[PDB]
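First, one chain by itself in structure tokens, the form solved without adenine.
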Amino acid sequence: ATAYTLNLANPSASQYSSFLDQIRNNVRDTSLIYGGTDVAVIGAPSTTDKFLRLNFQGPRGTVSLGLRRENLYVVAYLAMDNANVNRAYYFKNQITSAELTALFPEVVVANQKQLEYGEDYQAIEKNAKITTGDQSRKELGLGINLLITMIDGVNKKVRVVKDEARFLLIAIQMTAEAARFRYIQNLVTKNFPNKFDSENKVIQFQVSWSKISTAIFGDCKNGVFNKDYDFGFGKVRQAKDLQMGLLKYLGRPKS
């Protein structure tokens, strides 16, 4: 599969932004214009190019994440164990053994292992064993330095579910969610490269991806919604106020 790399040995705000735009440009169909806006839209499903590889390159090793091109959902990750041997962990309802070999060719078939829990946030959060606040992903925070610390929990280490789950929660939000929402991208660059607090607004955006994409696709004219909408953080009438980065595929515009 095609692969893009994020250098965490010498990080910079400009490089992080370029990384996110490479993801957006790879999966979008430039001929799709939703609600008269200039926001990128994911193209229709394909069988000739199903996955995308993202490499987190560090001074002491590289950890990789695999995503599905049709919706940016997570399918698997790659990391060396305590014996320095490469291993792959995957969600079975998302990818097959042969496809996994093409995605991560440095991992032999015998070292491919199925994950014992679902890829929905609720299931991953339970295994993360967070003990303060509402115990959800929000309590961990966000940021480049945080991604670096969480990667250390899986790079060249014996697998521990608690640490694996915490790594996945931050890796998914710093790639897929940041690609979908410029509000999240902007928080990361403003605070670069530090760890910082998350917000209720961040979570409200994430749970509303389908609803937001649907409103722009069928109830918006030249960037203006036909009625008021509230996704949790306030009333909105102009699509631009949502600062979207990538919309969900819902078909081609009518008329």
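The first residue of the sequence shown is number 1, and the count goes up from there.
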| task | Determine, for stretches 119-127 and 180-188, which one has the higher mean CA B-factor as deposited. | result | 119-127
| message | Tell me which stretch, 232-240 or 10-18, has the higher mean Cα B-factor listed in the entry. | response | 232-240
| Criterion, highest CA B-factor; candidates, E139, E164, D152, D81 | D152
| remark: Scanning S213, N200, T47, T37 for peak Cα temperature factor in the entry gives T47
| note | Assert third(CA B-factor, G218) within chain per record equals middle
| CA B-factor ranking of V158, expressed as a third of its chain | highest
| task | Select lowest, middle or highest to describe the third in which the CA B-factor of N55 falls within its chain in this entry. | result | lowest
| Lowest, middle or highest third: where is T62 by C-alpha B factor in its chain? | middle
| remark: Quick tally, chain-level thirds of C-alpha B-factors: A102 sits in the middle
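This protein has a second form, the form deposited with adenine bound, left out of what is shown; the following refers to that one.
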| request: Find out whether any non-hydrogen atom of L103 is located within 4.5 angstroms of adenine in the bound PDB entry, and reply yes or no. | output: no
| query | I130 near adenine in the bound PDB entry, any heavy atom under 4.5 Å? | reply | no
| task | Answer for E139 alone: is it within 4.5 Å of adenine in the bound PDB entry, judged on heavy atom distances? | result | no
| Non-hydrogen atom contact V74 with adenine in the bound PDB entry at 4.5 angstroms | yes
| message | Quick check for you: of 141-149, 169-177, 104-112, 77-85, which stretch puts a non-hydrogen atom within 4.5 Å of adenine in the bound PDB entry? | response | 169-177
| said: Within 4.5 Å of adenine in the bound PDB entry, counting any non-hydrogen atom, which residues from 105-137 show up? | reply: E119, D120, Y121
